[PDB]
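**Q** model this:
(chains A, B, C, D, E, F and G)
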Amino acid sequence: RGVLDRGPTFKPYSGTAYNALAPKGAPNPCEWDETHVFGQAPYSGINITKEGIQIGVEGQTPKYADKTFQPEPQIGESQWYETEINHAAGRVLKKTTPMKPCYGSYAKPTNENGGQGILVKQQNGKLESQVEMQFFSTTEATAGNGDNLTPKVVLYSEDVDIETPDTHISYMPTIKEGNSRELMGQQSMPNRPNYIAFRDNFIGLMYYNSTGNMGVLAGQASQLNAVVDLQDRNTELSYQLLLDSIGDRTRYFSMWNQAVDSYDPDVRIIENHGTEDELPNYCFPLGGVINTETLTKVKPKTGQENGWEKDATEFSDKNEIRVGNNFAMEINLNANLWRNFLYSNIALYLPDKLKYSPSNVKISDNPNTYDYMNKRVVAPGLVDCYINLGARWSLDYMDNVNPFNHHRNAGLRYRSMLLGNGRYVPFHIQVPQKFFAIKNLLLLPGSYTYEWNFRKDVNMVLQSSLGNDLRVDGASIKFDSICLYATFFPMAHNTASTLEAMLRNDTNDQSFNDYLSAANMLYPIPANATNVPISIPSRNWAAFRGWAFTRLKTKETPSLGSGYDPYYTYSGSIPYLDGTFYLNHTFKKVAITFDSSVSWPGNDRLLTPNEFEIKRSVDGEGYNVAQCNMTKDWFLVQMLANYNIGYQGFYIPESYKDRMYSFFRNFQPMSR
Amino acid sequence: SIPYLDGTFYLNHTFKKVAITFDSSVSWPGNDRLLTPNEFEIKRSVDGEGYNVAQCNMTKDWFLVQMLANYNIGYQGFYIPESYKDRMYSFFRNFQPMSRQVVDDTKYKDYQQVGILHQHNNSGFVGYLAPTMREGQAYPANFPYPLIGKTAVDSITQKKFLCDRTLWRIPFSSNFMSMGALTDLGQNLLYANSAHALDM
Amino acid sequence: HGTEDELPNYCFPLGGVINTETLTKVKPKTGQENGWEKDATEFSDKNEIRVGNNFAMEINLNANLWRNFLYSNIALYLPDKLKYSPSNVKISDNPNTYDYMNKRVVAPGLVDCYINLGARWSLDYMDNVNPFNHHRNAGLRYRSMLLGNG
Amino acid sequence: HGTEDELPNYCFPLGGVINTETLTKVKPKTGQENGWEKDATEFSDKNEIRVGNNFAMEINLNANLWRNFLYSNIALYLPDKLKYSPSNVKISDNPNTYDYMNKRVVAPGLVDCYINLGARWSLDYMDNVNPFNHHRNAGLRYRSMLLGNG
Amino acid sequence: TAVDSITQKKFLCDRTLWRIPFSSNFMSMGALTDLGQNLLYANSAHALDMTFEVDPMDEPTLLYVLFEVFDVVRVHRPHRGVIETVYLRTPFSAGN
Amino acid sequence: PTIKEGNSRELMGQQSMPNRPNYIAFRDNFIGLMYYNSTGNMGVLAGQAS
Amino acid sequence: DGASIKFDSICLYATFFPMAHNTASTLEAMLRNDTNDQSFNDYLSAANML
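**A** Numbers count the residues shown, from 1 in each chain, chains lettered A, B, ... in the order given. You can find the structure just below:
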């Protein structure tokens, strides 16, 4: 219960809602000083003399329109073609407003009308918008006392308090910030899309494997606990791995983010097979032809041969007709959008070091800050169409990066879009409790105690779709009164007092465990040290199910066991939480060994006797099986665990054996 | 467009409360059964979003009625339905919750009114009233007040839900279980009783 | 099901402001009513102000794209009867091979968004030829891209 | 969510450039420094070269198509009294009849890619009217064109 | 345009754990596999060493390795209201 | 813009716009023919004697 | 026209079982009968004539 604040850290949309159909590099009508260049005219008139426009003769009195609303961009003229207007009117923003591209321009309608005006005026009742009624004459009239210097355009200057939200410019010509002519090459680069809400199926909301303050369940008589966690234990990874069996974790539900963080198979693995552009498409000029030529009609009467005088009844001399073909400006549509999406989705979520540094614009301090990663734009060349066309192959270039922070996830996208698009929110939900001991328990009557805590840091509790911090940037969450919604069955009161007999005795006790009942261990591997093993002294371990290892980053998570940690400066996808074990292929060879003796597979069963080669590239075409880089030592191994394949031959699994977090779903072999 | 004959319903979402009353005496429960002792709310009122689950105003006194008819989710645990249990016209598949946030009317300074055609966002390229070609020029937009990216405009979230094709399911039981023809409270101690007046 | 593009799309010019028209400024006090000379603090006539309707160079995007879909997706595996090899260019002679039918030019002036429009019907000559032998498949897609590009 | 058009889409004018200036050749031999005469093999008196920048035509492609996606199949299925129609052209009577409810078109800006942008939201605008009058049904899609198309 | 090349083939494989069973067969049949509680690995003490090798490292990363341990509870109730608690992680020197 | 017959100056600025679609089709089972439930035009459907 | 094929080497591989002697010594003889003989058939046992 309470309120959430996202901050200036998020953008659920990738595009623009503010003049996003006008040209990218074209500035708004405004003036500069050293002489002016720009000015536009949409509105119509009859005859202007001492006032701004005369827009009508209404009845018996002429009317000139107010400064509040005057040239609405909506209204133009009934005709499409090149037609001439005697009296026109348009807005030309005042000299407090610099040259700024239309693509991404927000304005504040201060008055009753949507036509945005001034805020400050004189002392009595500051209301009237300082919109200039200064008309513009033509070169036709300059001299003569009494001669009409009648305006063709009347330009309307506005002093409006404005800010730019949806765009931040990539390339600017000169330093000048007040007024300058040299902001002509100034264009519009939209901000990087990223959305912030609950991590998939309420994960990371409460503490799991953190016993500074534990999830203790006691009793009004009972002194004991229900939480006994350690750093060498998993509870965050449980509620996804065991829940893989009970339906595919993709189905649409709003409470828990039941659709889980999942990359597009079209985006991560590139489907580069060119473009369908085999036909040219055309952007014909206004309606066909733009030319004015005198064309006078002709017909034979006296001149019998080739030479004739003129026509009988002559058509009017103004004939805007082409002698040849009507024009068409050629476009290849298929290739245009292909650059837009493929250059974007690869370069957007790439680590920023080769990316660009300050050029005539303001920039933030830290590399991991939202605004620092925002204004950076690498060249559309390597991330373009033509890297390796004709191969369903994600290159060595892309595969190292955080492949879950994307444009469309089943998880990431679903939460923020149903949370409340914006910072300040009054919203409530029933929130999780996921321990194995607590789950499917039917409590006996009596007197009990139930004690908990929360991880308060904004950074860890909520995800980011680009990989930008909340606590370090600007975000805070406040909590009100927390509740519990306990639901049980309305049992028959004769039975509710007698069915207890099973749990009334210490003979049969509701026993629970994780499917991954495992205990781990953390150890760091830095740069220029590719060979790191594990050494543990003599230990009395009895049972064992097997082994499962993958990779975690120190950059995107620290050695956690509390809320308050200054180490956590990221907010991206974590392998420990969302099942984001993306760097699984990063294993060359694995050799297991026991207590002071020779390494594990000594019972000689495979081509390589001791070391399990996970990856061997172009070493020998007979070690890496079925055109996949994996060696036979590990290729058979994956379908040998839960699957019963590798003795009866080779089987292709049914539509339920591949429970989403398993092998073929995730991984697909590739070649270039 | 027809809701009833086609099977593709739509109107299931907009209902405040269904106050079931057997002859003006203690209501359909009569055992303090749920959160409400007299009423059966569907679309919760603005009063108490804390009780509502699933990131909407969906009340929990009834999120244990349609969630317990076709498939029992609300005793043994808040579990996940199968692709077979969740049918093409059942409670879960077609129903998908929704939420919004844009602008608040009572918190901001200059937000007096933004009109229908008074706006100035993508005009010029877009028509004045008809689908006509380039009529006008380009001028800065003013309609969608953002609280997104690099801006601060105070806003409050509305939480309406959407129910499509789903059939308003409810078991006729004190135990709230739809099992067998002879239902738990349908044919009990004094429920196969003679004709009594009904006013709901 | 036709071409759903009820709203026009325009290939808009550079900035929308392109016409060489010199313009000055005006203001009445030397002539109080209907007679003017010059404006106060007026700046030079380097004006390029567009006076009226801005250019809109038209295109139907959903119809032009539908063209591609339908000309690339079927016409080169369309029956060879209306297909004729163009003059002034010489082609290696073998029907099926990457030269003959591959470069034999055919019209999208039939395989377009106007053949049995509205009607769901696979054309009886698409049915005569193999739909499995076309430029985009699923069987060849997961192997030719899995072997190595070239 | 809004659009994806980070790279501007251009409707390239015909063959590149047309506004070209005549150019004539000059030789370094006759005048050694700052003096130039008639060259040996002249560049012709019709050298069609526009020097500097290519003329561009911006069509922000993603917006106006998505505008139509919310227009032809969303904006045309709303409450039918605030929905607008032009003043002049001849029309029939009933709102249920073809002639009155095909000419009827609400503002193209009103239902575009900016209404409550960011959240996956459906307003009380087309949810209290059945999505069966929609252009989106798969059941009606089948039989409408399977039996006939006339 | 005939050019010469030698290909590079590589597998992608994310979001699943590298799972290997603990039996002489090396196939997980049930929960406790053959070698899990056999003749050699039952009550005696032994200490697992390693020889890991990964593809070239660039960023400081923790190689997250799970040993398949076994932690179970049992919810006792001798009196109504009073709970008796006992936990057990066995392949990690924990239990009772 | 103009009431005039056929063509006049301002009808060069006139524009065309597609009609609204209406799919004349049948229901999810096309039921609407037989009187299954209707109390009037119902079927007896009995024997040759009884 | 274009393509030429040349494979270099052929190599045998098969997936055996690390067979438990306790049962396999009986199971080898179990298959070694006139009685225990396992027959295979297709889903479509169709005879082709061109």
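**Q** Dihedrals phi and psi, the closest residue to residue A:378 other than its chain neighbours?
**A** Once flanking residues are discounted, residue A:378 sits nearest to residue A:347: 5.2 Å by Cβ to Cβ, 6 or more residues apart in numbering or on different chains. All C-beta atoms are positioned from the backbone trio N, CA, C, and that covers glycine. Main-chain dihedrals, residue A:347, degrees, to the nearest 10: phi -80, psi -30.
**Q** next one: residue A:167
**A** The phi/psi pair for residue A:167 (degrees, to the nearest 10) is phi -130, psi 150.
**Q** And it, how far from chain F?
**A** For residue A:167, the distance to chain F equals 32 Å [Cβ to the nearest Cβ, to the nearest Å].
**Q** where's that residue relative to residue D:90, distance?
**A** Distance check for residue A:167 against residue D:90: by Cβ to Cβ, to the nearest Å, it reads 46 Å.
**Q** centroid residue for chain B?
**A** residue B:161 (3.4 Å; Cα atoms, centre = their mean).
**Q** List the contacts of the closest residue to chain C within chain B.
**A** The nearest approach of chain B to chain C comes at residue B:134, 3.6 Å away (Cβ to the nearest Cβ). Applying Cβ atoms under 8 Å, 6 or more residues apart in numbering or on different chains, one finds that residue B:134 lies in contact with A:76, A:80, B:124, B:125, C:10, C:12, C:53, C:54, C:55, C:56.
**Q** contacting residues for the second one?
**A** Applying Cβ under 8 Å, 6+ apart, one finds that residue A:80 lies in contact with A:286, A:287, B:132, B:133, B:134, C:53, C:56, F:13, F:15.
**Q** okay but residue A:47 is in contact with residue A:62, surely?
**A** No. Using Cβ atoms under 8 Å, residue A:47 is not in contact with residue A:62, being 9.3 Å away.
**Q** Quick check: neighbours shared by those two?
**A** By Cβ under 8 Å, 6+ apart, residue A:47 and residue A:62 have these common neighbours: residue A:54.
**Q** Between those two, point out the one with more neighbours.
**A** A count of neighbours by other Cβ atoms under 10 Å in any protein chain shown puts residue A:62 above the other of residue A:47 and residue A:62, at 14 against 11.
**Q** Just say helix, strand or coil for that one.
**A** strand (DSSP: H, G, I helix; E, B strand; the rest coil).
**Q** Quickly list what it is bridged to.
**A** Legend: beta-bridge partners of residue A:62 under DSSP bridges are residue A:57.
**Q** Can you verify my assumption that it contacts residue A:50?
**A** No. Checked against Cβ under 8 Å, the pair residue A:62 and residue A:50 is beyond contact range at 10.6 Å.
**Q** Now for these two: what residues contact both?
**A** By Cβ under 8 Å, 6+ apart, no residue touches both residue A:62 and residue A:50.
**Q** hang on, the earlier thing: and the contacts of residue A:80, which two are furthest apart?
**A** Distance extremes for these: the farthest pair is C:53 and F:15 at 13.5 Å, using Cβ to Cβ.
**Q** can I assume residue E:77 sits in a strand?
**A** Yes. Going by three-state DSSP, the assignment for residue E:77 places it inside a strand.
**Q** Isn't it up against residue A:442?
**A** No. Using Cβ under 8 Å, residue E:77 is not in contact with residue A:442, being 10.4 Å away.
**Q** and for the two, which residues touch both?
**A** Common neighbours of residue E:77 and residue A:442 (criterion: Cβ under 8 Å, 6+ apart): residue A:503.
**Q** who's more crowded, the two?
**A** Legend: neighbour count by other Cβ under 10 Å for residue E:77 and residue A:442, higher for residue E:77 (21 against 13).
**Q** Which of the three states applies to the closest residue to that one other than its chain neighbours?
**A** Spatial nearest neighbour of residue E:77, chain neighbours left out: residue A:444 (4.9 Å); criterion: Cβ to Cβ, 6+ apart. Under three-state DSSP, the three-state class of residue A:444 is coil.
**Q** wouldn't residue A:444 be in contact with residue E:80 here?
**A** Yes. Between residue A:444 and residue E:80 a contact is recorded at 5.4 Å, counting by Cβ under 8 Å.
**Q** And these two? Which one has more around it.
**A** residue A:444 (16 against 13).
**Q** ok, residue B:64 - how many residues close by?
**A** Per other Cβ under 10 Å, the neighbour tally for residue B:64 reads 19.
**Q** so it sits in a helix?
**A** No. Looking at residue B:64 with three-state DSSP, it is coil, so not inside a helix.
**Q** Distance check, it against residue C:71.
**A** Using Cβ to Cβ, residue B:64 is found at 58 Å from residue C:71.
**Q** Repeat that for residue A:77.
**A** Distance from residue A:77 to residue C:71, by Cβ to Cβ: 38 Å.
**Q** Also residue A:495?
**A** Residue A:495 is 74 Å from residue C:71, by Cβ to Cβ.
**Q** How many residues are close by the residue in the stretch 101-250 of chain A that chain D sits nearest to?
**A** The nearest approach of the stretch 101-250 of chain A to chain D comes at residue A:190, 6.5 Å away (Cβ to the nearest Cβ). Neighbourhood size, residue A:190 [other Cβ under 10 Å]: 24.
**Q** need the contact list for residue A:586.
**A** Residue A:586 makes contact with A:551, E:54, E:55, according to Cβ under 8 Å, 6+ apart.
**Q** So for it, what's the nearest residue that isn't a sequence neighbour?
**A** In space, and not counting its chain neighbours, residue A:586 is closest to residue E:55: 4.7 Å by Cβ to Cβ, 6+ apart.
**Q** Please look at the one you found and residue A:587 and confirm they touch.
**A** Yes. Residue E:55 is in contact with residue A:587 according to Cβ under 8 Å; the separation is 6.9 Å.
**Q** Looking at those two, which has the bigger crowd around it?
**A** residue A:587 (23 against 17).
**Q** just to revisit the earlier point, so who does the residue nearest to residue A:378 touch?
**A** Listed by Cβ under 8 Å, 6+ apart, the contact partners of residue A:347 are A:377, A:378, A:383.
**Q** how close does it sit to residue F:5?
**A** Distance of residue A:347 to residue F:5, given as Cβ to Cβ: 60 Å.
**Q** same question, residue B:117
**A** On the measure of Cβ to Cβ, residue B:117 and residue F:5 end up 32 Å apart.
**Q** What of residue A:584?
**A** Distance from residue A:584 to residue F:5, by Cβ to Cβ: 76 Å.
**Q** the helices in the stretch 151-300 of chain A, which residues?
**A** According to DSSP state H, counting those that start in this stretch, the stretch 151-300 of chain A carries its helices in the segments A:238-241.
**Q** could you pull out the strands for chain E?
**A** E:9-11, E:20-21, E:49-53, E:61-67, E:76-79, E:82-84 (DSSP state E).
**Q** what's the fifth one packed up against?
**A** Read it as strand E:76-79. strand E:82-84 (3 or more Cβ pairs under 8 Å, 6 or more residues apart in numbering or on different chains; DSSP states H and E).
**Q** The strand it packs on and chain A, are they touching?
**A** Yes. Strand E:82-84 is in contact with chain A by Cβ under 8 Å from any Cβ of the partner chain, via E:82, E:83, E:84.
**Q** who in chain B is up against chain F?
**A** B:5, B:6, B:7, B:8, B:130, B:131, B:132, B:133.
**Q** again, only this time at 7 Å
**A** Contact residues (Cβ under 7 Å from any Cβ of the partner chain) of chain B with chain F: B:6, B:7, B:131, B:132.
**Q** Any quick ChimeraX command for the buried ones out of these?
**A** Selection of the buried residues among the residues of chain B next to chain F in ChimeraX, burial being defined by 16 or more other Cβ atoms under 10 Å in any protein chain shown:
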select /B:6,131,132
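**Q** which one of the residues of chain B next to chain F is nearest chain E?
**A** Relative to chain E, the closest of these is residue B:7; by Cβ to the nearest Cβ it sits at 38.8 Å.
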